[PDB]
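First comes the structure, then the notes that go with it.
Backbone-built Cβ (ideal geometry, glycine too); neighbour counts: all protein chains shown. Every number here is computed from the coordinates shown, using simple stated rules; none is lab data.
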Amino acid sequence: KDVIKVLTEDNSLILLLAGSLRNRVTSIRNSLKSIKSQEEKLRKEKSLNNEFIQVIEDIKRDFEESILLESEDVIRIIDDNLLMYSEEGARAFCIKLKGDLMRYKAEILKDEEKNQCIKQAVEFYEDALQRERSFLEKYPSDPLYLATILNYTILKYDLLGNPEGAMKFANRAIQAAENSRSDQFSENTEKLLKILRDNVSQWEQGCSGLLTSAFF
Amino acid sequence: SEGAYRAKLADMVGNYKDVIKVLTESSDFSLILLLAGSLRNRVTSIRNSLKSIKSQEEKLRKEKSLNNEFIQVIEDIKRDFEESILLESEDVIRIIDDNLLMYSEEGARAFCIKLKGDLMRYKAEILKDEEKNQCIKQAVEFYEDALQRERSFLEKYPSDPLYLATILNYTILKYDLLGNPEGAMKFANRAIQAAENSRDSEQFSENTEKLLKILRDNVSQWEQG
């Protein structure tokens, strides 16, 4: 409704559209995360029965299907419908989003498909950051840059299985952000820096933690 | 060992693509139309994620006595996801209605009206009693309107893939929501024979042959049991 009334009345409109596309995938992904925590808790305490266990597996598979469907739709909308009309900023936003989506597909898939997805997410995150560095003034502390960094860091820590490198990556981004400070930072920048520092805090202690990603 | 499975959701993927292509490339003039398509696809995905929650509802309610908290989380997600299908499908419908006329192509107008038929069918799966019956009635209207437009405007309509996709969704409404599986199968049979009596030994489109297969498979499963 918010997005509808705005569109009914193209630059940050594309950004607005792209934020709604992100939300298609992350909304269903968040609900599945809730189901799995609940499942983990349930099964920690209880044996259940074979029928119930199957229903739960069925439900998870329904949610994963839907995440894969949304991800696939959105990647293609970004390539076919958004990218040729985007300015460098929206374009970078969209390339980051494609990395997020390749990452969410890799959380779900196995075998060679999983690996193909993690590789493409590396490719997009790397390409988004390079683009960001070339046009963003004061890129080290820009929130689009820090959110791309943050999300790449979660790819590095988990899917790529390099906790130490992920933490090094985050810490060097925090440092570079702080070295740029003068030249107050935006609310979004401070929010992202706190997530970076909070993730690092957990990782320093030998724990994956929440692996909090960017709120956009 | 379902290589049919990877083929099935690849068809679901092709379907989403086609919704957005049509809404977005059939117009005579948009970001709003992209959003309408994007939302149709979202709503289909929200519905898809709930299918086992729905078809196993009695098993799930049964488990709530001894497994309260888990089943409550499931119930809460279902309520929220269904609120979303209801609210966002009305969003898509409003967008379609405000822009319907800006599709000069007769096929594209029928496409949008079938789509409203689908979205009404979705609301009908969620809603209860009369509110449900009114959505079923509105879905009937939309399907019959789209079918009539397809009959009027489409070349060799009985074997046209949009025509057959419309038959199939109306058949689904008849089978499930209308509680008339026999009426549904006669309806499907009728359209199979009408399509076949179209065409030399001419080849139909791949999407026609896919839809005729689905229609045939469904009648036979009903005929055998």
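Annotations for the structure displayed:
- Residues in the range A:52-103 that are over 20 Å from the mean Cα position of the chain (by Cα), among the polar types (S, T, N, Q) and over 16 Å from A:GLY19 (Cβ atoms): 1 in all.
- Of all the listed residues (B:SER104, B:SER89, B:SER84, B:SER65), the sole one being at the interface with another protein chain (Cβ under 9 Å from one of its Cβ atoms) and polar (S, T, N, Q) is B:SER84.
- Single match in A:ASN171, A:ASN179, A:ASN188, A:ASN199 (criterion: farther than 24 Å from A:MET102 by Cβ, of a type outside the set (A, V, I, L, M, F, W, C), buried (at least 16 other Cβ atoms within 10 Å of the Cβ) and more than 13 Å from the chain's Cα centre (by Cα)): A:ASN171
- Enumeration of residues in the range A:99-143 that are aliphatic (A, V, I, L, M) and crowded, with 23+ Cβ neighbours inside 10 Å: A:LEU101, A:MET102, A:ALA121, A:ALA128
- All positions within the range B:25-43 that are buried (at least 21 other Cβ atoms within 10 Å of the Cβ) and either in contact with a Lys or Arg (Cβ under 8 Å, 6 or more places away or on another chain) or among the polar types (S, T, N, Q) (or both): B:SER38, B:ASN41, B:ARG42
- Qualifying residues in the range A:44-60 (those that are closer than 15 Å to B:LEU50 by Cα and at the interface with chain B (Cβ under 8 Å from one of its Cβ atoms)) - the one surrounded by the most Cβ atoms within 10 Å (Cβ to Cβ): A:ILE59
- A:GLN38 being among the polar types (S, T, N, Q), assigned to a helix (DSSP H, G or I) and over 27 Å from B:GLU88 (Cβ atoms): no
- Looking across the range A:8-24, the residues that are surrounded by fewer than 20 Cβ atoms within 10 Å (Cβ to Cβ) and over 13 Å from the mean Cα position of the chain (by Cα) come down to A:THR8, A:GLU9, A:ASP10, A:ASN11, A:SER12, A:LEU13, A:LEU15, A:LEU16, A:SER20.
- Residues in the range B:15-32 that are assigned to a helix (DSSP H, G or I), within 10 Å of another protein chain (Cβ to nearest Cβ) and not charged (D, E, K, R): B:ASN15, B:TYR16, B:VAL19, B:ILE20, B:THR24, B:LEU31, B:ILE32.
- Test for B:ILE77: is it within 11 Å of chain A (Cβ to nearest Cβ), assigned to a helix (DSSP H, G or I) and among the aliphatic types (A, V, I, L, M): yes
- Taking the numbered list (1) away from chain A (no Cβ under 11 Å); (2) surrounded by 21 or more Cβ atoms within 10 Å (Cβ to Cβ); (3) farther than 28 Å from B:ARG149 by Cα; (4) not hydroxyl-bearing (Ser, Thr, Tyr) in turn, B:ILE96 passes all entries but (3).
- Segments classed as helices (runs of 4 or more DSSP H), wholly inside the range A:101-197, with at least 3 members that are in contact with a helix residue (DSSP H, G or I) (Cβ under 9 Å, 6 or more places away or on another chain) and of a type in the set (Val, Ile, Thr): A:143-154
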